[PDB]
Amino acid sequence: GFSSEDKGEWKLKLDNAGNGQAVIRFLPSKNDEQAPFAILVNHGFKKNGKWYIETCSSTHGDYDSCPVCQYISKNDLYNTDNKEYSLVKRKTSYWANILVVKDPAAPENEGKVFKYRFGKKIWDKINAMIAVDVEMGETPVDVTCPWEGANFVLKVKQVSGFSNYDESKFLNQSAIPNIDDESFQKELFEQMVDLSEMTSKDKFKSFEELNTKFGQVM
C-alpha cells in the first residue's frame, strides 16, 4: 500500500526510524454552525485469517443494527472473553480538513488542504486547549478558528512498536495568513470536503449484509 495524498487524504510520512514531523492547521466547519470534526466508529479485525472491517452504527446511537455490537453485548465479552473483546471492540476515528503549513518530508504538500484522520491522543490535545489552567496564564483556544487558532506541531517517534504522539503540541495563537483575502479564502474552501458526508448512510444499514459478512468472517 502507499500514497494517499492524491485522493485528498494526507498522512504524516515517517522516516526509517518510524519518526516524523510537520506543522498542520485544523480547519473550521465548511458549513454553518458546527462540526469541524467527523467522528466515525468502526470494527476492524482479522480472525481465521479473514478480515472484518466495517463502519458501526453506534456512531449515531444505533448499536442494534451492528452484528459486532450485538455479539459483544449478548456475550458480555468485555467481561467473559476480554481477549475476543479487544480484538472485536469498536474503534473511533476522527477526521478534519487541514492546511499543511510545513511538511519537510514532502514540501509539495505545504499550503495545500487535505482531510486528515486521527485518534484520542490528538483529539485530547485539541480538547485540552479549551480546558485550561487559569493560574498558569492559560486562556482557552478554538484551534480551528481562522483568526484565533493555533497551528499544531505533529511529531511521531516509535515506542514499543507504537507511534507515540507525546511531542505533538499547539503553538501560540495566530491568524492563517492571507485568510482575509477572498481569492485565497475561497481556494482554501474549495479544497475542504463536507465531513458530514462520512457520517451519513455509509453504514451498511442492511445489518443482514453486515451479518452474513460477520458470519463468514467468524
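Numbers follow the displayed sequence, beginning with 1.
> Between 151 to 159 and 179 to 187, which has the higher average C-alpha B-factor in the PDB entry?
Replying inline: Comparing 151 to 159 with 179 to 187, the higher average CA B-factor belongs to 179 to 187.
> Per the entry, where is the mean C-alpha temperature factor higher: 96 to 104 or 68 to 76?
Replying inline: So the stretch with the higher mean C-alpha B-factor is 68 to 76.
> How does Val23 rank on Cα B-factor within its chain, lowest, middle or highest third?
Replying inline: Lowest third of the chain for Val23's C-alpha B-factor.
> With respect to C-alpha B-factor, does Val193 fall in the lowest, middle or highest third of the chain as deposited?
Replying inline: Lowest third of the chain for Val193's C-alpha B-factor.
> How does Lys125 rank on Cα B-factor within its chain, lowest, middle or highest third?
Replying inline: Ranked within chain, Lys125 CA B lands in the lowest tercile.
> If you rank every modelled residue in this chain by C-alpha B factor, which third holds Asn42: lowest, middle or highest?
Replying inline: For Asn42, the deposited C-alpha B-factor lands in the lowest third.
> Should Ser57 be placed in the lowest, middle or highest third of its chain by the C-alpha B factor in the entry?
Replying inline: Middle third by C-alpha B-factor.
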